[PDB]
Ligand SMILES: Nc1nc(NC2CC2)cc(-c2cccc(Cl)c2Cl)n1
């Protein structure tokens with residue numbers, strides 16, 4: 001049983017981060033970066049850009065490679081293969097979409113309590129400008145059974 005490709009784009013700036021409140025579907029009622037499924041016929045980076053445009057209304061020329069996290073759940077055959085990107089520069093205005101309502105948070109005021117539990121572990125690596133690689137086994141949606149997390153030169 002193989003995995004499916006996901007992207008996650010974190011809109012960063014010197015003092016703040018633009019998260020998105022998920023309004024519907026998987027992760028509804030939680031703050032997260034912008035992203036979703038990688039389709040057939042686009043590269044992973046194209047998918048990241050697309051989902052950022054569609055969910056926030058923002059454009060980019062380029063993204064940074066910051067993380068590669070593989071998620072799995074107990075009693076589930078399908079794995080999430082997440083390619084995490086930072087967008088430290090953006091064009092346009094943040095606009096509320098059907099799927100996401102964007103909001104700015106200062107980097108010392110990130111609402112980890114209402115984000116996915118894994119974010120508390122890998123966000124510090126992102127904010128130190130470290131590239132990271134890891135696996136997370138979830139018991140349920142609020143409970144990490146086991147996890148592995150390391151930095152990489154890549
Ligand atoms: N921060 C974070 N954490 C996650 N933790 C995994 C237990 C669910 C999953 C995701 C994610 C990334 C891209 C697309 C989608 Cl649908 C999701 Cl849910 N993001």
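Side notes on the structure shown:
- Boolean, residue 139 is surrounded by fewer than 16 Cβ atoms within 10 Å (Cβ to Cβ), touching a residue at least 24 places away in the same chain (Cβ under 8 Å) and farther than 17 Å from residue 32 by Cβ: yes
- Taken together, the criteria place residue 27 among residues that are in contact (Cβ under 8 Å) with a residue 24 or more places away in the chain, closer than 22 Å to residue 121 by Cβ and surrounded by fewer than 18 Cβ atoms within 10 Å (Cβ to Cβ).
- Any chance residue 50 is within 12 Å of the ligand (Cβ to nearest atom), farther than 23 Å from residue 151 by Cα and surrounded by 14 or more Cβ atoms within 10 Å (Cβ to Cβ): no
- Given (1) assigned to a loop (DSSP other than H, G, I, E, B); (2) without any contact (Cβ under 8 Å) to a residue 12 or more places away in the chain; (3) within 14 Å of the ligand (Cβ to nearest atom), index of the condition residue 41 fails: (3)
- Matching residues in the range 95-124 - criterion: being away from the ligand (no atom under 13 Å from the Cβ) and not in a strand (DSSP E or B): 95, 96, 97, 98, 107, 108, 109, 113, 124
- Among the residues of the range 102-120, those that are more than 18 Å from residue 15 (Cα to Cα) and in contact with a strand residue (DSSP E or B) (Cβ under 6 Å, 6 or more places away or on another chain) comprise 114, 115, 117, 118.
- For the range 1-18, a residue qualifies if it is more than 10 Å from the ligand (Cβ to nearest atom), assigned to a strand (DSSP E or B) and either without any contact (Cβ under 8 Å) to a residue 12 or more places away in the chain or surrounded by 18 or more Cβ atoms within 10 Å (Cβ to Cβ) (or both), and the qualifying residues are 11, 12, 17, 18.
- Selected residue (only one of 95, 62 is within 22 Å of residue 28 (Cβ to Cβ) and exposed (fewer than 15 other Cβ atoms within 10 Å of the Cβ)): 95
No value in this document is a laboratory result; all are computed from the given coordinates. In this analysis, Cβ positions are derived from the backbone assuming ideal geometry, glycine residues included, and neighbour counts consider all displayed protein chains.
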